[PDB]
Amino acid sequence: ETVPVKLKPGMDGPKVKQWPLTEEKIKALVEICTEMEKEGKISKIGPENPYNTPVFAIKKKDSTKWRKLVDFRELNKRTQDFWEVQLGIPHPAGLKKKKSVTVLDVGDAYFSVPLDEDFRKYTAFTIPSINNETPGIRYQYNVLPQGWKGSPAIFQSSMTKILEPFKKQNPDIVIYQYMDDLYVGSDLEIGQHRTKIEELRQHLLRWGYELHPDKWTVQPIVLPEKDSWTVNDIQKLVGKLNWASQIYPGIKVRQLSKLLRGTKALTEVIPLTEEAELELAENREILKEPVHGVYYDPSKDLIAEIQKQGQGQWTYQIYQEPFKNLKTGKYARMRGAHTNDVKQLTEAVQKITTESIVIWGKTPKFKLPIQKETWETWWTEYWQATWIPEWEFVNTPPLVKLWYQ
Amino acid sequence: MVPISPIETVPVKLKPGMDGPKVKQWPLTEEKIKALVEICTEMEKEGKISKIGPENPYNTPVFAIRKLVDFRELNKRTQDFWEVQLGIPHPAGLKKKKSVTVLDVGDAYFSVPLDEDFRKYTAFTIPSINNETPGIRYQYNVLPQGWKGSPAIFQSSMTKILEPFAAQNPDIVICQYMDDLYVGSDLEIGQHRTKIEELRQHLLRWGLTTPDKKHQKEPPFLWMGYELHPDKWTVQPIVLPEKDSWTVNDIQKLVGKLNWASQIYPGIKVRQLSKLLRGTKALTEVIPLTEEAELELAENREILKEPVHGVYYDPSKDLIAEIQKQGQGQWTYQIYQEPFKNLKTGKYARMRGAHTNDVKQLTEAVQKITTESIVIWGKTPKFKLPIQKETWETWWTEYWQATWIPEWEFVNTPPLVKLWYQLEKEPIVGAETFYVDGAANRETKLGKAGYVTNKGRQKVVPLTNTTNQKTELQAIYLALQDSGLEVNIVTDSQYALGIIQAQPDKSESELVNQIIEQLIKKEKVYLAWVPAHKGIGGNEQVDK
Ligand SMILES: N#Cc1cc2c(Oc3ccc(F)cc3OCCn3ccc(=O)[nH]c3=O)cc(F)cn2c1
Ligand SMILES: [Mg+2]
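Read top to bottom, the protein sequences are chains B and A.
With the deposited numbering applied, the first sequence corresponds to residues 6 to 213, 232 to 428, in that order.
With the deposited numbering applied, the second sequence corresponds to residues -1 to 63, 72 to 550, in that order.
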């Protein structure tokens, strides 16, 4: 049967405008939705349904076949208390500690569970037409739709019933679920890990992304080690230390600023004194320690900031309170994006969101160093994930860019 | 009697917590009552309305002008339907067809039945003679004229009826609008008339009437302010009102008409009139015209002198968009497939900002054109931009934000977009180092700005009516004025550093403009930042 699902007290269904799509994506959606209609997964609806949720098409890795993706963010926040409080899925802290975690897609199983009849009207979407020449096609879902946060919540029971034997056979294999994605963490070799992933896939078959969190640590703040220091070197060092003093309290820069005294030329070499060298060493020792009292509150929002460093380099920080970072990292992957900033940014946002899913079990809110118009125009052309994080746009250059490079 | 095919109704409900309309009936004359009775008798004879007994249904007002039923209080309480159509099809996106037939269905809403469970809410009363007998009660059995949900239900029914005929006739193309249908084909004209007759026979199988045989409109069609010709399209003539007392509403209507004309007329400028529309005080407010605005309207009438037409879209040819800078933060563009045969044209105005440069505005215009083209043709055009490959490479590789332009090529039509200055990444060896500083007193508005250098060069200038940020900008400007072609500048102003790292070439603040003009004349400029009040050597806050 179906589980009855309702909305929050006093909120109406999602009425979000469909954004324009290219002709190839419209054709792919037409074909996919015709096939899904032939299989009862969706059904056409009339004008009595005023709800709409955007939809587009993507391409996964190593696959030229299109995939349908619904931007269920608005509908997810319209039913935020269902998938979190009432039927929430716990998050194991042992997944990030495992060596190799592989991500799989389990969305094909969601289509086997029928959806509550009273809630289908809220999953309405519109395949658009070019130049508005014809009324766009409108569908509603009859089964659990991919990308909805209530779908894994509802399917959790069936998922446990399916995974119980494999879990009891290999207890050291950690299993987690988020949206249509299934994360499987293990401490095995890549070969035997692939064989175990094949075994788990064949196990899922009869019932109806290789990550390595072991190679990731919170990056510390490193100060240069030079034999001769110019005025510009000491000025940059003092700026970086004054910045880090907002994170580490015991930082002092007075003996280093004492060297800059006077109006020397920027390129002039200034020798370090004993007090300045001791101050630099004490600052190094202070920076070697972790940050004092940094906790994770599951009720607060996760915030991810990203800085473009040039030459394909990107730095990022995930935190909840300013200057109290929960994670920091860099990104420099040469996978066909040397001449496109937006594609690099999209792949970096995807990687950071996946890491956040693994470490805390929920996506962060991004602050992208890009104009709203450029991002909103182009981000759908490089997206490959079934989920979508929230984001805002910073349009003022942060001075702290080089303090993370 | 041949039985009409069955069409299914659309279930309609009311908003939650809202009852049906119960409004009084305004008094009407006796001639109006007679006309309403004459109309309603034949309407019930046709089967579009039914007579209800004097029970307790909902009452809606009715006037006579041809009758009129006002569901104003019903529209406030009827549920929300799906958006019928947000935007109209654009002529430049249409593909050339040998024949195009327009079919306007008559008695559109009255040919589709109403939800039986909702007919009791669509009831009105005709006042009788002298109010000595009870009024005449009527209810609607079909979609009423003026009801909120009539267009959506009508278009959904039309789509559902049209689907099989369009599917079985792949050699024609049908476009469905509100109350019209547009059927285009590349068939032999006799075959086209045969297929149109078959389509209207198909519509009559479900009981939908169209203009019989010919008698239907022939090109050129007047449609939504457009003139559609067999091989071209344009807009209907634009009427520019001319008065020596330009009011605010006149400028609003003129901006609307000029934006409407700019889609095919290249070179339309509407900035000088939006500048007069900046104020929204009075709707009847006479506003004079600036000389810039006068020359603008003169060249606008010079452009609207001889007519221009756009062509239709061909999928087999490439889609090209070319951009030109008009100045004063304005850009124009043309979308075409062949030289001198534009599909359409347009303009872009810069956003409301304090600082900007041409590259950002060009990127924004490219994004706008990209979105519009994806709406109209479903693809992104190849661009011709007045900017060199090397300039764009330097920009996007040194810009702190992420940015991207789709496939494009350099067209050498001035004025070209260029980078006017580039800051160094490392301090300059042999260049003088100017430690600058500025500060103002918040109470007295008195301040000072100046510099000290490594060669002993110093300057402090006092200033009246200034602020800390202004004195910091002034200090940097003084360092730029008195320095050679290569210079290092040290500042503690995060404000000035952010302004200069935004890389502007035009600003609202004239001080920033002078700083930009100084940077333009420089060979190498390295701008270093240090924390303030930290005893850093050259930073002389004591000089202020
Ligand atoms: N009034 C009005 C009206 C007519 C249409 C309209 O017509 C078409 C329908 C189908 C098609 F395949 C092409 C069409 O038009 C292409 C341009 N064209 C025009 C005239 C001519 O003779 N030949 C020619 O190619 C399409 C639309 F989106 C809105 N319309 C409003
Ligand atoms: Mg200062």
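Using N, Cα and C, we set each Cβ at its ideal position, and we do this for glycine too.
- Beta-carbon to beta-carbon, residue 288 (chain A) and residue 254 (chain A) are separated by about 6 Å, close enough to satisfy the 8 Å threshold.
- 8 Å or more divides the Cβ of residue 132 (chain B) from the Cβ of residue 406 (chain B).
- DSSP places residue 256 (chain B) in the uninterrupted alpha helix (DSSP H) bounded by 254 to 267.
- Look at residue 225 (chain A): its beta carbon is less than 7 Å from one of the heavy atoms in ligand 1.
- The beta carbon of residue 209 (chain B) sits no closer than 8 Å to any beta carbon of chain A.
- C-alpha of residue 496 (chain A) to C-alpha of residue 354 (chain B): approximately 32 Å in a straight line.
- By the neighbour-count definition (other C-beta atoms within 10 Å, threshold 16), residue 316 (chain A) is a buried residue.
- Contact annotation for residue 422 (chain B) against chain A: 500, 503, 504, 507 and 535 [CB-CB distance below 9 Å, chain order].
- The stretch 100 to 107 of chain B and the stretch 372 to 384 of chain B touch, with no fewer than 3 CB-CB distances between them shorter than 8 Å.
- The C-beta of residue 208 (chain A) comes no closer than 8 Å to any C-beta of chain B.
- Contact between the stretch 90 to 104 of chain A and the stretch 222 to 237 of chain A is present: three or more C-beta pairs spanning the two stretches fall below 8 Å.
- For ligand 1, no non-hydrogen atom lies closer than 7 Å to the CB of residue 95 (chain B).
- At a cut-off of 8 Å between C-beta atoms, residue 280 (chain B) counts as an interface residue with respect to chain A.
- Residue 130 (chain A): not part of any alpha helix (DSSP H); member of the beta strand (DSSP E) spanning 129 to 132, first to last residue.
- Three or more Cβ pairs closer than 8 Å define a contact, and the stretch 0 to 7 of chain A meets that threshold against the stretch 118 to 137 of chain A.
- Among the residues facing chain A, residue 123 (chain B) is not included, as its CB has no counterpart in that chain under 8 Å away.
- When Cβ-Cβ separations below 8 Å define contact, residue 81 (chain A) makes no contact with chain B.
- With a threshold of 7 Å, the Cβ atom of residue 444 (chain A) counts as near ligand 2, since some heavy atom of the ligand is closer than that.
- Using a Cβ-Cβ cut-off of 8 Å, residue 181 (chain A) counts as an interface residue toward chain B, since at least one Cβ of chain B sits closer than that to its own.
- Contact of residue 81 (chain B) with chain A is not assigned, every C-beta pair being separated by 8 Å or more.
- Contact annotation for residue 86 (chain A) against chain B: 55 [CB-CB distance below 7 Å, chain order].
- Taken atom to atom, the span from the alpha-carbon of residue 473 (chain A) to that of residue 467 (chain A) is near 14 Å.
- Going by C-alpha positions, residue 302 (chain B) is about 12 Å away from residue 260 (chain B).
- Comparing C-alpha distances from residue 236 (chain B) to each of B:197, B:415, B:107 and B:35 shows the shortest one belongs to B:107.
- Distance from residue 284 (chain A) to residue 355 (chain A) at the Cβ level is roughly 13 Å; contact not present, criterion being Cβ atoms closer than 8 Å.
- Residue pairing from DSSP leaves residue 211 (chain B) without any beta-bridge partner.
- If the five residues before and after residue 340 (chain B) are omitted, its C-beta is found closer than 6 Å to the C-beta atoms of 328, 348 and 351, all from its own chain and listed in chain order.
- Taking the Cα of residue 423 (chain A) as reference, the smallest distance to any Cα among A:174, A:196 and A:363 is reached at A:363.
- Interface residue (Cβ-Cβ distance to chain A less than 8 Å): residue 403 (chain B) is not classified as such.
- Counting along the chain, residue 32 (chain A) sits inside the alpha helix (DSSP H) bounded by residues 28 to 44.
- For residue 175 (chain B), the closest Cβ of chain A is not nearer than 8 Å.
- Taking the beta carbon of residue 288 (chain B) as reference, the chain A residues within 7 Å of it are 439 and 460, listed in sequence order.
- Here residue 233 (chain B) carries a strand assignment [DSSP, helix/strand/coil].
- The alpha-carbon of residue 133 (chain A) is positioned some 19 Å away from that of residue 127 (chain A).
- In the three-state DSSP reduction, residue 513 (chain A) falls in the strand class (E or B).
- Here residue 88 (chain B) is buried. Its C-beta has 16 or more other C-beta atoms within 10 Å.
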